[PDB]
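Just so we're aligned, residue 1 is where the sequence shown starts under the working numbering, counting upward by one. Cβ atoms here follow ideal geometry from the backbone N, Cα and C, with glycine treated the same way. Below is one structure; the comments refer to it alone.
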Amino acid sequence: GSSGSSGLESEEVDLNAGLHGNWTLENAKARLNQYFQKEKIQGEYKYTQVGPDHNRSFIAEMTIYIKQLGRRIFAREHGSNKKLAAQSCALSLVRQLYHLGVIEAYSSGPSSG
């Protein structure tokens with residue numbers, strides 16, 4: 001086996017951006033899916049249609065449990081489309097994850113400054 005790899009950039013550090021956290025509805029979303037892909041975990045979103053047709057909304061709610069923490073975080077937003085709602089939902093869990101101490105600030109690009 002042995003295995004090998006190349007292309008390591010150990011020259012990427014931030015100052016405040018490291019505290020702020022580059023977690024965009026988009027990132028969070030993907031990230032979420034990423035977390036489920038890496039860990040191989042399984043988690044979906046629960047879209048609940050409310051209001052009238054003319055003006056309805058799909059409440060995208062999602063819940064995940066962290067064993068490394070011993071607890072679980074739940075989310076329930078009311079975005080526009082499955083995508084939106086979902087996104088918000090994700091970011092919801094993401095924000096929490098980063099709060100509890102599961103994920104870590106993002107490095108979307110070589111910092112911004």
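Go to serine 57, then tell me how far its beta strand (DSSP E) extends in each direction, as first and last residue.
57-66
Helix, strand or coil for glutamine 34 per DSSP?
helix
From the DSSP output, read off the bridge partner residues of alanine 75.
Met62
Tell me which residues share the same chain as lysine 82 and place their Cβ nearer than 8 Å to its Cβ, disregarding the 5 neighbours each side in the sequence.
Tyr45, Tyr47, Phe58, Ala60
What residue range does the beta strand (DSSP E) around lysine 46 cover?
46-50
Can you tell me where the alpha helix (DSSP H) holding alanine 90 begins and where it ends?
82-100
Would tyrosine 106 and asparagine 27 be called neighbours here (beta carbons separated by less than 8 Å)?
yes
With a threshold of 16 other CB atoms inside 10 Å of the CB of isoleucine 41, please say whether the residue is buried or exposed.
exposed
Among the candidates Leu97, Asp14, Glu12, whose CA atom is the shortest distance from the CA of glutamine 68?
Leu97
Taking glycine 18 as part of the alpha helix (DSSP H), name the residues at either end of that continuous run.
17-20
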